[PDB]
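Asks: so I pulled this structure from the PDB, and the sequence comes with it:
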Amino acid sequence: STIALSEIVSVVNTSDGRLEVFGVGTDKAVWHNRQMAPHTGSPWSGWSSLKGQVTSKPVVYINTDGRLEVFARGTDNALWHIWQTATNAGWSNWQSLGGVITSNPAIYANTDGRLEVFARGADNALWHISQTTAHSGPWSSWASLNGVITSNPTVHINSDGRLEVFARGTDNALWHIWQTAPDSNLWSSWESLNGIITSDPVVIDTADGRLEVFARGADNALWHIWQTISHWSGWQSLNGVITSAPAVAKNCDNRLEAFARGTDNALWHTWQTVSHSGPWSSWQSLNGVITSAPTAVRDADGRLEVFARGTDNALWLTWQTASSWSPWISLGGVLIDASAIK
Amino acid sequence: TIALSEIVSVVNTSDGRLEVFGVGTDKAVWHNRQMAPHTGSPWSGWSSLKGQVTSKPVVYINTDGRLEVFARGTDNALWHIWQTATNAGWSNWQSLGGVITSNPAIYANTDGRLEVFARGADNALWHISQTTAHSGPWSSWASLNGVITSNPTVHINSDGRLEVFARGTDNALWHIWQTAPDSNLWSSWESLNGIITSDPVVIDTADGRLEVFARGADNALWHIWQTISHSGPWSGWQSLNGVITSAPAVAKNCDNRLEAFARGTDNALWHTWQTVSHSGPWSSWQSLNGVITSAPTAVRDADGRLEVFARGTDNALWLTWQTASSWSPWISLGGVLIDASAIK
Ligand SMILES: C[C@@H]1O[C@@H](C[C@H]2C[C@@H](CO)O[C@@H](O)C2)[C@@H](O)[C@H](O)[C@@H]1O
Ligand SMILES: C[C@@H]1O[C@@H](C[C@H]2C[C@@H](CO)O[C@@H](O)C2)[C@@H](O)[C@H](O)[C@@H]1O
Ligand SMILES: C[C@@H]1O[C@@H](C[C@H]2C[C@@H](CO)O[C@@H](O)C2)[C@@H](O)[C@H](O)[C@@H]1O
Ligand SMILES: C[C@@H]1O[C@@H](C[C@H]2C[C@@H](CO)O[C@@H](O)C2)[C@@H](O)[C@H](O)[C@@H]1O
Ligand SMILES: C[C@@H]1O[C@@H](C[C@H]2C[C@@H](CO)O[C@@H](O)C2)[C@@H](O)[C@H](O)[C@@H]1O
Ligand SMILES: C[C@@H]1O[C@@H](C[C@H]2C[C@@H](CO)O[C@@H](O)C2)[C@@H](O)[C@H](O)[C@@H]1O
Ligand SMILES: C[C@@H]1O[C@@H](C[C@H]2C[C@@H](CO)O[C@@H](O)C2)[C@@H](O)[C@H](O)[C@@H]1O
Ligand SMILES: C[C@@H]1O[C@@H](C[C@H]2C[C@@H](CO)O[C@@H](O)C2)[C@@H](O)[C@H](O)[C@@H]1O
Ligand SMILES: C[C@@H]1O[C@@H](C[C@H]2C[C@@H](CO)O[C@@H](O)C2)[C@@H](O)[C@H](O)[C@@H]1O
Ligand SMILES: C[C@@H]1O[C@@H](C[C@H]2C[C@@H](CO)O[C@@H](O)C2)[C@@H](O)[C@H](O)[C@@H]1O
Ligand SMILES: C[C@@H]1O[C@@H](C[C@H]2C[C@@H](CO)O[C@@H](O)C2)[C@@H](O)[C@H](O)[C@@H]1O
Ligand SMILES: [Cl-]
């Protein structure tokens, strides 16, 4: 009935290459903050409200026309959304997509540009709904993929265009289910990848087109598992002792880099050395005192930026410099953890 | 007349390997691909996809990861061949009909439907598209009018609208765009002025602005750009100097710094690059040596390094890439390639 502490924001690279973060304020509204300019260390806009009243982490996704769209569980437990009405410009009103959900929503674009949203239902199964045409309503009917899940779901597209969803099962193993063809409503059966996981799964598509899943294990280390050929391996440990969900992102050269809170409440990281096919470093501290999981993203200068909530409940930020990382700086605001599953 | 063309079409496959496509002495399409997703990977060697082509062959990756090659045939129709699956074999060559007079230019709409553009016998711009994402059947051909004198170049805007560029009859750079993503409604043709003496090369910058590169009347490398993400007004033309004897090729370093490549007056490969960051000033031109007989083709590999291909004095495809501090010694991938560009 427990997962590692969640991320405090959802992040996206905008149509024009800037970082934009979304989180939940003390009023339960979705707020957001963005870089002025597409560069590491740009000034930030400060927090502005998109209003609403939410009961999940708000999750941003960029439509294939560049319009941001934010999905969140509402006060009636329906899936709600709000979208830019023109690329990188004004926002709509909040609208309901109905349903009854009991997790944070997870989103990906099909190969046809239709966004598809996945979330745990009132029956604890995985449900989904999608745009009927590319980056546009109306939306489909809600449909079930069955199963019984106990984490937030995570979706990613394979290198052949098939969506695949990952979630913790009732035996605490990592389970997954996939599209049998791109854009399809036909899916495989649920299948177990075994292991024990104690966080939401984090899924990345490698430079060589293989899905790779990261999760906290029963021993509180960071573990991972991967497809052996483009579109599985044994579970393998990357060690560490982590007190939050992990975050993973790709460097300029596609080397993966994993971030998580330590038992000292500092941010810690481990990275692939040499290349995207290389072995992982041992862990190193990036300091700070943080009160959420980190959120990691590559910016328009090819530099990793990491966000995490601080002891004052503001969002703080550190990034890669030529040969080190920048001192933690505050972006202000007061953010709450509204994750539907804690 | 246009500056000497690129000799190959290159792509980063869905599993992170570079794959190049060219025309052999037999007029067939040949290809060569990295075994591994890394700078300096060994190569397959040249093998034939057959066909007899009469344009540059142009590869594009469908949104399901399957490569698809487009080329003009001996009957002047558009022809194509595609992978049946991402790491499987190829279809037979199949005709999309029409009669075309340029190399094809391809881009995916926001709905995953490929759209192909080519000049017609009337010298207008024509187009045809997949009816559903990454799949046949295709639409009927239709015209976007105009009178064009180079190969066309297409790129998607950061708001999803396709936009096509081509030299006009006054030798200026002209363009035309979708009014909405996935749409069959387009703007009128509009001039961006200047004089161009190569095909246009079009990039979408890290900040979502289309930027076009072309050789000028003075044989320098020139460029012009949208000043606002997916929007006019455009800049005026600006020179990046140099004196170039081929079409330019442009690619993004992993940090998004643009880098332009072209054959020099000494027939070596030369380049100029943005300094500091993706909105910084360009360097002076510097030589990467070699003696080349086509325009270069530049592409960022799965290690985030630039790799540049060009035909050599023996008509083989040669290759140099970025290393930590410099560039690798030119190396040969063999083969014998011809310039089959439908417009020269
Ligand atoms: C995310 C938001 O954070 C603070 C406002 C921000 C508004 C902004 C105005 O410029 O200033 C920042 O420092 C504070 C709180 O008062 C809000 O209830 C909300 O939790
Ligand atoms: C995310 C949603 O948030 C509010 C929507 C209202 C937000 C308001 C902002 O002005 O607009 C009104 O039309 C809708 C709640 O009432 C809903 O139950 C839901 O939790
Ligand atoms: C995600 C998994 O979900 C159920 C199995 C699924 C197996 C499947 C058989 O193919 O049928 C579905 O309805 C039930 C549970 O019993 C497992 O412990 C796990 O939580
Ligand atoms: C993800 C990991 O899952 C189990 C080990 C796995 C090791 C693997 C062989 O390497 O076999 C699998 O069946 C079990 C747990 O004991 C670990 O603490 C961790 O939670
Ligand atoms: C994420 C932030 O972490 C610490 C400050 C950092 C300040 C920084 C100075 O640049 O030094 C680092 O070692 C510590 C806390 O005091 C803040 O409230 C916040 O929780
Ligand atoms: C691109 C092709 O290039 C050569 C064959 C290549 C075959 C390869 C071994 O299969 O060896 C390489 O060195 C040469 C020519 O003879 C063909 O007509 C065609 O122009
Ligand atoms: C690109 C095309 O290439 C050949 C046909 C292909 C037809 C196919 C039959 O399925 O076989 C392949 O080897 C050759 C020519 O005859 C066509 O006019 C066209 O130029
Ligand atoms: C690409 C351009 O194409 C024609 C004009 C187009 C302008 C437009 C009139 O508004 O109508 C279209 O059919 C014709 C030529 O006259 C120009 O020199 C140029 O080559
Ligand atoms: C792209 C360039 O086009 C013309 C000049 C442009 C320079 C620009 C400077 O302000 O103004 C525009 O109207 C014309 C030619 O003379 C150049 O050799 C080159 O072909
Ligand atoms: C692409 C290169 O372009 C010119 C030089 C550039 C060299 C640079 C450094 O002097 O200055 C710029 O104005 C001109 C020619 O001399 C080279 O042979 C080559 O064709
Ligand atoms: C692109 C290639 O260019 C030269 C070789 C390069 C070999 C290299 C030594 O590794 O030195 C450089 O200066 C020249 C020519 O001799 C080749 O036939 C070919 O056209
Ligand atoms: Cl790097």
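Replies: That came in fine, so what should we check first? Numbers count the residues shown, from 1 in each chain, chains lettered A, B, ... in the order given. Ligands and ions are numbered 1, 2, ... in the order given.

Asks: would you list every one of the strands in the stretch 201-342 of chain A?
Replies: Applying DSSP state E, counting those that start in this stretch to the stretch 201-342 of chain A gives strands spanning A:202-205, A:211-216, A:222-226, A:236-237, A:247-250, A:256-261, A:267-271, A:284-285, A:295-298, A:304-309, A:315-319, A:329-330, A:335-336.

Asks: got the residues of the stretch 51-200 of chain A near ligand 2?
Replies: Applying C-beta under 6 Å from any ligand atom, we find that the stretch 51-200 of chain A lies next to ligand 2 at A:51-54, A:72, A:74-76, A:80, A:93-94. (Each C-beta comes from the backbone N, C-alpha and C, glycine too.)

Asks: can you show me the helices along the stretch 51-200 of chain A?
Replies: In the stretch 51-200 of chain A, no helices are found when defined by DSSP state H, counting those that start in this stretch.

Asks: close to ligand 3: what parts of it are there?
Replies: Counting by C-beta under 6 Å from any ligand atom, the positions of the stretch 51-200 of chain A adjacent to ligand 3 are A:146-149, A:169-171, A:175, A:189-190.

Asks: related to what we said a few turns ago, any chance of the strands of the stretch 201-342 of chain A in CSV, with mean neighbour count and distance to residue A:108 too?
Replies: Shown next, in CSV, are the strands of the stretch 201-342 of chain A (neighbours: other C-beta atoms under 10 Å in any protein chain shown; distance: least, C-beta to C-beta, whole Å):
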stretch, mean neighbour count, distance to residue A:108
strand A:202-205, 21, 10
strand A:211-216, 24, 12
strand A:222-226, 22, 19
strand A:236-237, 10, 26
strand A:247-250, 21, 16
strand A:256-261, 25, 19
strand A:267-271, 22, 26
strand A:284-285, 10, 32
strand A:295-298, 22, 17
strand A:304-309, 25, 22
strand A:315-319, 22, 25
strand A:329-330, 11, 32
strand A:335-336, 19, 25
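
Asks: going by distance to ligand 12, which of the residues of the stretch 51-200 of chain A next to ligand 3 wins?
Replies: Using C-beta to the ion, residue A:175 comes nearest to ligand 12 of these, at 33.5 Å.

Asks: who does that closest one bridge with?
Replies: Residue A:175 has these beta-bridge partners by DSSP bridges: residue A:167, residue A:192.

Asks: so what's it up against?
Replies: A:147, A:149, A:166-169, A:190-193 (C-beta atoms under 8 Å, 6 or more residues apart in numbering or on different chains).

Asks: state the distance from it to residue A:103.
Replies: 14 Å (C-beta to C-beta, to the nearest Å).

Asks: related to what we said a few turns ago, between the residues of the stretch 51-200 of chain A next to ligand 3, which is closest to residue A:308?
Replies: Lowest distance from residue A:308 to these (C-beta to C-beta) belongs to residue A:149, with 26.2 Å.

Asks: the closest one contacts residue A:126, doesn't it?
Replies: Yes: using C-beta atoms under 8 Å, residue A:149 is in contact with residue A:126, at 5.9 Å.

Asks: phi first, then psi, for the closest residue to ligand 1 within the stretch 151-300 of chain A.
Replies: Taking C-beta to the nearest ligand atom, ligand 1 has its nearest neighbour within the stretch 151-300 of chain A at residue A:292, 13.6 Å off. With angles defined as degrees, to the nearest 10, residue A:292 sits at phi -150, psi 170.

Asks: is it true that it touches residue A:309?
Replies: Yes: applying C-beta under 8 Å, one finds residue A:292 in contact with residue A:309, separated by 3.9 Å.

Asks: between the two, what contacts are shared?
Replies: Joint contacts of residue A:292 and residue A:309 (C-beta under 8 Å, 6+ apart) are A:8, A:335, A:337.

Asks: the closest residue to the first one other than its chain neighbours: how many residues sit nearby?
Replies: What it means is residue A:8. Distance criterion C-beta to C-beta, 6 or more residues apart in numbering or on different chains; nearest residue to residue A:8, sequence neighbours excluded, is residue A:292 at 3.7 Å. Neighbour count for residue A:292, taken as other C-beta atoms under 10 Å in any protein chain shown: 25.

Asks: contacts only, for residue A:292.
Replies: Residue A:292 touches A:5-8, A:244, A:261, A:308-309, A:335, A:337, counting by C-beta under 8 Å, 6+ apart.

Asks: out of those residues, the closest to ligand 12 would be?
Replies: Relative to ligand 12, the closest of the contacts of residue A:292 is residue A:308; by C-beta to the ion it sits at 22.0 Å.

Asks: for that closest one, which non-adjacent residue is closest in space?
Replies: Nearest one to residue A:308, counting by C-beta to C-beta, 6+ apart, is residue A:290 at 4.0 Å.

Asks: isn't the one you found up against residue A:267?
Replies: Yes: between residue A:290 and residue A:267 there is a contact at 5.9 Å, judged by C-beta under 8 Å.

Asks: give the residues shared as contacts by the two.
Replies: Common neighbours of residue A:290 and residue A:267 (C-beta under 8 Å, 6+ apart) are A:261, A:308.

Asks: which neighbours do residue A:149 and residue A:126 have in common?
Replies: Counting by C-beta under 8 Å, 6+ apart, the common neighbours of residue A:149 and residue A:126 are A:120, A:167.

Asks: buried subset of the residues of the stretch 51-200 of chain A next to ligand 2, written for ChimeraX?
Replies: Here is the ChimeraX selection string for the buried members of these, based on 16 or more other C-beta atoms under 10 Å in any protein chain shown:
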select /A:52,54,72,74,80,94
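
Asks: from the residues of the stretch 51-200 of chain A next to ligand 2, which is closest to residue A:250?
Replies: residue A:72 (26.6 Å).

Asks: quick check: beta-bridge partners of that closest one?
Replies: In beta-bridge terms (that is, DSSP bridges), residue A:72 pairs with residue A:80.

Asks: roughly how far apart are it and residue A:63?
Replies: Taken as C-beta to C-beta, the span from residue A:72 to residue A:63 is 16 Å.

Asks: repeat for residue A:160
Replies: Distance from residue A:160 to residue A:63, by C-beta to C-beta: 22 Å.

Asks: again, but for residue A:274
Replies: Residue A:274 sits 36 Å away from residue A:63, going by C-beta to C-beta.

Asks: near ligand 12, which residues of the stretch 101-250 of chain A? Just list them.
Replies: Counting by C-beta under 5 Å from the ion, no position of the stretch 101-250 of chain A is adjacent to ligand 12.

Asks: so which residue of the stretch 51-200 of chain A comes closest to ligand 11?
Replies: residue A:159 (33.1 Å).
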